[PDB]
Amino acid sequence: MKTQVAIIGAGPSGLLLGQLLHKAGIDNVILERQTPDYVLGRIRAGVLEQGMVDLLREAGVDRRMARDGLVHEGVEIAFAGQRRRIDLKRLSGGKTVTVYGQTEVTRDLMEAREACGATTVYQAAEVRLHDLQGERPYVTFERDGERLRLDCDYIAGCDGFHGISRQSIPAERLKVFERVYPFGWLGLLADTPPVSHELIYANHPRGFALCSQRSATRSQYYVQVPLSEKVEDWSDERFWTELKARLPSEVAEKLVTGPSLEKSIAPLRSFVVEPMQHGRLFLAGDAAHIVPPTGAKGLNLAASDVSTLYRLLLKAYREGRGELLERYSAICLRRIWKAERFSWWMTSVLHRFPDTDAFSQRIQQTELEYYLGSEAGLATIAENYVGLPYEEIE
C-alpha cells in the first residue's frame, strides 16, 4: 500500500486528523488495531472546548453534535456548603463548552469516513514502524492472515497512551515528565436526569465529587477513591450515598439516583513527553501526553495537536514548506503544558490528598475562596476551562 500520511489509530485523534486531511485533499490511511465495534464500544462522556467544536465543524462532522450536544455557558464549583458559578460565557468573551460524548464524536467520525470511502484498516495487528529517519518511511502490519506494508511521507502516531508509535522513538531522544496522583475517579453512568444543567465540581472533607452528564438522557457522576479500591466493593447505593455526602445538601436533596448503567475506577495521572516527534513521526493525543480529567482536557488537547499537525501538513504539502513541521512539538507543547498546569491546579484545589496538614487544608480552602470571589480569579478559570486559544503557525 502507498499513501501520503500514515495514521496509527482510529480513535478521535486519528479519525479527526484523517477526515481533515481527506477534505484538504491529502491522501491518508488509518491503521487501527481493534475492530470498529470494539473502538465504538468504549464509553466515555466529554466536555468539548470551543476549539474542539470548531475543528469538528471544519471537519464536516458537526451535524449530529449540533442536534444532540448541550452548550454550557457556565460551570459550578461547590465547597463549604456553598455553590459558586463561573460564568464561562461572560468571563471569556463568548466561548462556551459543549457536552457531547467522545463515543458519539468517534461514532460520528467513523460514519463520515466510512461514507467518503477514505482508507481504514481494522484489526491491523502487530503494527511496526520503519525508516523514520529517512524520507521514505513505511509501516508493517498483519491483516486477515497476510503481511502488509504501507509506504508514506509522514506517520502520525495517534494510537493513545498504550500505542506503539511513542514506543517507536529511541527512548534516549525523549524526556518524560509525569506525576501519578494518589487517587482515582470512581464513575457511575445513569439514565437518571442530571442534578444540574451545568457541571458541578465539589470539594469536600470526605473527598472530591463530580456532577456531570454524558448526554441529555444520561447522568455522569464521580467520586474520588484511593487507588487500591475495588469497583466491586462499591454497590450503586454505596456510591449514591457517598456522592450525596460530598455535596451541599441543597444539591444532594434534589438528586435522582438510579441503577448504574456503567461503573469503573479511573486512576489520575499527568504525562508529557518532549519532544512529540521523531523524523517523519509525529505524536498526537494520548500517545504523547495524559492530563488528569479534572480539567476536562484529554480529548481537547488531542484536538489541538491534530489542528496544529493538520495545518502544518497543509503548509508542507500545499507549499513545499516541509520545514515548518520541525516546529510541531514546540507549538503543541506550549499549549500542552498550560493545559497540564490548569488541570493540575483544578486537581489540587478539588481533591483530598493523604497526610495533608492543617496548613495545606487552609490554603486549599483559601485558593477556592479567592479565585471564585475575584473577577480576575474567575477569569483565569474561565479562559482556561473553555480552552486557551490555538497558537497560529506563521
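Sequential numbering from 1, following the sequence displayed.
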item	value
Comparing 274-282 with 130-138, the one whose average Cα B-factor in the PDB entry is higher	130-138
Average Cα temperature factor in the PDB entry - higher stretch of 203-211, 110-118	110-118
Top Cα B factor in the deposited entry, candidates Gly184, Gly320, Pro248, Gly163	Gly320
Member of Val223, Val180, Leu150, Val75 with the greatest C-alpha B factor (per the PDB record)	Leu150
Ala24 CA temperature factor, ranked by third within the chain	highest
Third assignment of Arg90 from its chain's C-alpha B-factors	highest
Chain third (lowest, middle, highest) by recorded CA B-factor, residue given as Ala80	middle
Chain-relative CA temperature factor third for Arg334	lowest
For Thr356, the third of its chain into which the C-alpha B factor falls	highest
